[PDB]
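Source file: data.cif; contents: mmCIF, C-alpha atoms.
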data_data
loop_
_atom_site.group_PDB
_atom_site.id
_atom_site.type_symbol
_atom_site.label_atom_id
_atom_site.label_comp_id
_atom_site.auth_asym_id
_atom_site.auth_seq_id
_atom_site.Cartn_x
_atom_site.Cartn_y
_atom_site.Cartn_z
ATOM 1 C CA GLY L 1 -63.575 113.383 11.653
ATOM 2 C CA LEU L 2 -62.914 110.458 14.009
ATOM 3 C CA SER L 3 -65.208 107.392 14.134
ATOM 4 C CA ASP L 4 -66.984 106.424 17.378
ATOM 5 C CA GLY L 5 -64.469 103.620 17.921
ATOM 6 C CA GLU L 6 -61.568 106.035 17.370
ATOM 7 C CA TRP L 7 -62.958 108.439 20.112
ATOM 8 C CA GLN L 8 -63.444 105.436 22.408
ATOM 9 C CA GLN L 9 -59.801 104.492 22.085
ATOM 10 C CA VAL L 10 -58.788 108.121 22.667
ATOM 11 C CA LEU L 11 -60.886 108.325 25.828
ATOM 12 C CA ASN L 12 -59.740 104.870 27.031
ATOM 13 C CA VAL L 13 -56.093 105.817 27.064
ATOM 14 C CA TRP L 14 -56.981 109.287 28.452
ATOM 15 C CA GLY L 15 -58.541 107.442 31.410
ATOM 16 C CA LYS L 16 -55.054 106.051 32.123
ATOM 17 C CA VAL L 17 -53.629 109.591 32.016
ATOM 18 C CA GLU L 18 -56.242 110.766 34.385
ATOM 19 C CA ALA L 19 -55.279 108.105 36.922
ATOM 20 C CA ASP L 20 -51.984 110.114 37.351
ATOM 21 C CA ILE L 21 -52.287 113.447 35.654
ATOM 22 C CA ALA L 22 -49.291 115.003 37.476
ATOM 23 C CA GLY L 23 -46.827 112.250 36.524
ATOM 24 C CA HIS L 24 -48.026 112.321 32.891
ATOM 25 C CA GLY L 25 -47.914 116.124 32.717
ATOM 26 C CA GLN L 26 -44.422 116.131 34.029
ATOM 27 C CA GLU L 27 -43.136 113.480 31.569
ATOM 28 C CA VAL L 28 -44.821 115.177 28.609
ATOM 29 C CA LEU L 29 -43.203 118.572 29.316
ATOM 30 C CA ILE L 30 -39.819 116.962 29.903
ATOM 31 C CA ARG L 31 -39.987 115.113 26.624
ATOM 32 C CA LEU L 32 -41.024 118.400 24.898
ATOM 33 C CA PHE L 33 -38.237 120.486 26.499
ATOM 34 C CA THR L 34 -35.474 117.935 26.089
ATOM 35 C CA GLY L 35 -36.467 117.059 22.481
ATOM 36 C CA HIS L 36 -37.079 120.735 21.426
ATOM 37 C CA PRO L 37 -35.232 123.136 23.694
ATOM 38 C CA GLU L 38 -36.425 126.272 21.835
ATOM 39 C CA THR L 39 -39.901 125.544 23.356
ATOM 40 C CA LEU L 40 -38.533 126.085 26.806
ATOM 41 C CA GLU L 41 -37.713 129.727 25.980
ATOM 42 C CA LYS L 42 -41.472 130.447 26.042
ATOM 43 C CA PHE L 43 -41.626 129.687 29.749
ATOM 44 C CA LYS L 44 -40.380 132.573 31.949
ATOM 45 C CA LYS L 45 -41.019 130.376 34.993
ATOM 46 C CA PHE L 46 -38.864 127.487 33.637
ATOM 47 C CA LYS L 47 -36.452 128.479 30.955
ATOM 48 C CA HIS L 48 -33.526 128.444 33.399
ATOM 49 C CA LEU L 49 -33.929 124.615 33.929
ATOM 50 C CA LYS L 50 -30.996 123.259 31.956
ATOM 51 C CA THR L 51 -31.174 119.496 32.416
ATOM 52 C CA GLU L 52 -33.720 116.681 32.689
ATOM 53 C CA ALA L 53 -32.777 116.282 36.340
ATOM 54 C CA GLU L 54 -33.501 119.879 37.137
ATOM 55 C CA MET L 55 -36.834 119.574 35.274
ATOM 56 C CA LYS L 56 -37.905 116.422 37.265
ATOM 57 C CA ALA L 57 -37.199 118.319 40.477
ATOM 58 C CA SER L 58 -39.316 121.304 39.532
ATOM 59 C CA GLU L 59 -42.641 121.500 41.381
ATOM 60 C CA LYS L 60 -43.810 124.478 39.161
ATOM 61 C CA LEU L 61 -43.152 122.356 36.062
ATOM 62 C CA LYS L 62 -45.145 119.439 37.362
ATOM 63 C CA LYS L 63 -48.081 121.747 38.249
ATOM 64 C CA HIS L 64 -47.974 123.271 34.743
ATOM 65 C CA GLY L 65 -47.958 119.778 33.203
ATOM 66 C CA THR L 66 -51.196 119.143 35.113
ATOM 67 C CA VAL L 67 -52.758 122.400 33.819
ATOM 68 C CA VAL L 68 -51.836 121.531 30.212
ATOM 69 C CA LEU L 69 -53.115 117.933 30.279
ATOM 70 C CA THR L 70 -56.236 118.955 32.270
ATOM 71 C CA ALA L 71 -57.153 121.428 29.490
ATOM 72 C CA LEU L 72 -56.363 119.011 26.678
ATOM 73 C CA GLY L 73 -58.466 116.337 28.471
ATOM 74 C CA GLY L 74 -61.503 118.656 28.559
ATOM 75 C CA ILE L 75 -61.025 119.191 24.849
ATOM 76 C CA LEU L 76 -60.577 115.512 23.912
ATOM 77 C CA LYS L 77 -63.688 114.561 25.928
ATOM 78 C CA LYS L 78 -65.745 116.886 23.772
ATOM 79 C CA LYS L 79 -64.817 114.643 20.854
ATOM 80 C CA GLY L 80 -65.787 116.366 17.550
ATOM 81 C CA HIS L 81 -67.583 119.298 19.200
ATOM 82 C CA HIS L 82 -64.857 120.998 21.193
ATOM 83 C CA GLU L 83 -65.329 124.580 19.860
ATOM 84 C CA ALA L 84 -66.337 125.977 23.280
ATOM 85 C CA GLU L 85 -63.372 124.533 25.225
ATOM 86 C CA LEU L 86 -60.924 125.332 22.475
ATOM 87 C CA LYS L 87 -61.866 128.988 22.297
ATOM 88 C CA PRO L 88 -60.096 130.277 25.362
ATOM 89 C CA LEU L 89 -56.989 128.216 24.770
ATOM 90 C CA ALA L 90 -56.610 129.584 21.169
ATOM 91 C CA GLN L 91 -57.132 133.010 22.646
ATOM 92 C CA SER L 92 -54.330 132.952 25.242
ATOM 93 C CA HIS L 93 -51.909 131.055 22.916
ATOM 94 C CA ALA L 94 -52.458 133.573 20.104
ATOM 95 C CA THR L 95 -52.158 136.736 22.226
ATOM 96 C CA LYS L 96 -50.417 136.121 25.506
ATOM 97 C CA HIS L 97 -48.033 133.154 24.848
ATOM 98 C CA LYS L 98 -47.679 133.256 21.036
ATOM 99 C CA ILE L 99 -47.260 129.458 20.588
ATOM 100 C CA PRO L 100 -46.585 128.453 16.987
ATOM 101 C CA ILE L 101 -48.547 125.544 15.497
ATOM 102 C CA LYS L 102 -45.189 123.786 15.110
ATOM 103 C CA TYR L 103 -44.743 123.771 18.895
ATOM 104 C CA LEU L 104 -48.199 122.224 19.204
ATOM 105 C CA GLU L 105 -47.068 119.492 16.852
ATOM 106 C CA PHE L 106 -44.028 118.875 19.040
ATOM 107 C CA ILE L 107 -46.159 118.477 22.145
ATOM 108 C CA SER L 108 -48.625 116.219 20.264
ATOM 109 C CA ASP L 109 -45.618 113.965 19.483
ATOM 110 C CA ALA L 110 -44.426 114.192 23.115
ATOM 111 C CA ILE L 111 -47.866 113.054 24.299
ATOM 112 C CA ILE L 112 -47.903 110.119 21.847
ATOM 113 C CA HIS L 113 -44.409 109.117 22.993
ATOM 114 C CA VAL L 114 -45.327 109.196 26.713
ATOM 115 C CA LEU L 115 -48.564 107.297 26.110
ATOM 116 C CA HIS L 116 -46.762 104.609 24.165
ATOM 117 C CA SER L 117 -44.045 104.374 26.772
ATOM 118 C CA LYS L 118 -46.320 104.205 29.878
ATOM 119 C CA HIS L 119 -49.435 102.436 28.533
ATOM 120 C CA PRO L 120 -48.553 100.164 25.692
ATOM 121 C CA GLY L 121 -51.444 97.778 26.545
ATOM 122 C CA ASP L 122 -53.944 100.687 26.121
ATOM 123 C CA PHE L 123 -51.997 102.281 23.238
ATOM 124 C CA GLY L 124 -51.575 99.745 20.493
ATOM 125 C CA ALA L 125 -51.547 100.601 16.742
ATOM 126 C CA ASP L 126 -55.194 101.498 16.235
ATOM 127 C CA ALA L 127 -55.272 103.590 19.477
ATOM 128 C CA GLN L 128 -52.125 105.470 18.503
ATOM 129 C CA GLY L 129 -53.614 106.332 15.090
ATOM 130 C CA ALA L 130 -56.851 107.497 16.726
ATOM 131 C CA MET L 131 -54.933 109.782 19.199
ATOM 132 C CA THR L 132 -52.898 110.999 16.250
ATOM 133 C CA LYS L 133 -56.053 112.129 14.368
ATOM 134 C CA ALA L 134 -57.487 113.569 17.605
ATOM 135 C CA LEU L 135 -54.422 115.784 18.180
ATOM 136 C CA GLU L 136 -54.358 116.727 14.480
ATOM 137 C CA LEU L 137 -57.978 117.914 14.801
ATOM 138 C CA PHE L 138 -56.974 119.917 17.937
ATOM 139 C CA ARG L 139 -54.118 121.569 15.993
ATOM 140 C CA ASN L 140 -56.121 122.291 12.848
ATOM 141 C CA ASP L 141 -58.927 123.932 14.939
ATOM 142 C CA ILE L 142 -56.465 126.044 16.964
ATOM 143 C CA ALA L 143 -54.769 127.095 13.751
ATOM 144 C CA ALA L 144 -58.162 128.223 12.341
ATOM 145 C CA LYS L 145 -58.794 130.354 15.401
ATOM 146 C CA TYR L 146 -55.251 131.737 15.433
ATOM 147 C CA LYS L 147 -55.962 133.183 11.973
ATOM 148 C CA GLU L 148 -59.110 134.927 13.170
ATOM 149 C CA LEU L 149 -57.123 136.208 16.157
ATOM 150 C CA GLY L 150 -54.481 137.703 13.860
ATOM 151 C CA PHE L 151 -51.721 135.343 14.829
ATOM 152 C CA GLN L 152 -49.878 133.596 12.005
ATOM 153 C CA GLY L 153 -48.953 130.556 14.124
#
Would you put the structure from the file into structure tokens?
Amino acid sequence: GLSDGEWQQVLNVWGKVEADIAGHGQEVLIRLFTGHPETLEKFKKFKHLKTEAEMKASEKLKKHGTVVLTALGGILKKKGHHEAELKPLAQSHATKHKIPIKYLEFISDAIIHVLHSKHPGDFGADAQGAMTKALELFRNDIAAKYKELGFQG
């Protein structure tokens, strides 16, 4: 799994995120939607937003960015023992939203991009590799539950 020093670097940069969760949530979703527009079709509340400018202006989008990063934060803080927190997210994303594992990779990359852009001093090479393995672990564990849930992500 991750070493203790790898989780520390994950939680250090997550502290930066938590100092402005709304701004981070908003930039992550914009990067996702602009880089991979097919992801935006999953969002009945948003899919009409056609441009970055419209997305920045969207209060609903910003609130959803908060929801998404808040959940991922709870998961990352559980380090290697996140089964409990992961369970309900796999559930809704396998039944209600149907989010393919590929879309979770896209948002993992969007998070790494935003973290590198906004916090380079807390997101150097080692920290970026640690967050990479942490998001891989998140995806692999979701994918395992998807299969139980009967969703081929």
Out of L:145, L:18, L:13, L:134, which residue has the shortest atom-to-atom distance to residue 78 in chain L when counting only C-alpha atoms?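 Nearest to residue 78 in chain L: L:134.
CA of residue 6 in chain L to CA of residue 88 in chain L spans 25.6 Å [interatomic distance, one decimal].
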Using all atoms listed in the file for the distances, tell me which of L:137, L:142, L:49, L:17 is nearest to residue 93 in chain L.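 Among the listed residues, L:142 lies closest to residue 93 in chain L.
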With distances taken over all atoms listed in the file, which residue among L:7, L:33, L:123, L:146 lies nearest residue 91 in chain L? L:146
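Using only C-alpha atoms for every distance, the candidate list L:101, L:38, L:108, L:138 yields L:101 as the residue closest to residue 152 in chain L.
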Given only C-alpha atoms as the basis, pick out the residue of L:30, L:131, L:53, L:99 nearest to residue 112 in chain L. L:131
Hits from the PyMOL selection byres ((chain L and resi 59) around 12), listed as a PyMOL selection string: chain L and resi 22-23+25-26+45-46+49+54-58+60-66
Hey, can you check how far CA of residue 84 in chain L sits from CA of residue 100 in chain L? 20.9 Å
What is the CA of residue 110 in chain L-CA of residue 14 in chain L distance in Å, reported with one decimal?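 Result for CA of residue 110 in chain L versus CA of residue 14 in chain L: 14.5 Å, one decimal.
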Would you list the contacts of range 117-122 of chain L as a ChimeraX atom specification, taking every protein, DNA or RNA residue within 12 Å and counting only C-alpha atoms, but skipping same-chain residues closer than 3 positions in sequence? /L:8-17,19-20,23-24,27-28,31,110-114,125-128,130-131
Closest of L:102, L:116, L:44, L:36 to residue 140 in chain L - atom-to-atom distances counting only C-alpha atoms: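 Closest to residue 140 in chain L, using only C-alpha atoms: L:102.
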Tell me which protein, DNA and RNA residues are within 9 Å of residue 97 in chain L, counting only C-alpha atoms, leaving out same-chain ones fewer than 3 positions away, and put them as a list in words.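 Listed by chain and then number, they are residues 42, 43, 92, 93 and 94 of chain L.
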Writing out the chosen residues with C-alpha atoms as an mmCIF file, keeping the file's coordinate frame:
data_model
loop_
_atom_site.group_PDB
_atom_site.id
_atom_site.type_symbol
_atom_site.label_atom_id
_atom_site.label_comp_id
_atom_site.auth_asym_id
_atom_site.auth_seq_id
_atom_site.Cartn_x
_atom_site.Cartn_y
_atom_site.Cartn_z
ATOM 1 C CA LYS L 42 -41.472 130.447 26.042
ATOM 2 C CA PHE L 43 -41.626 129.687 29.749
ATOM 3 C CA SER L 92 -54.330 132.952 25.242
ATOM 4 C CA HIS L 93 -51.909 131.055 22.916
ATOM 5 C CA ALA L 94 -52.458 133.573 20.104
#
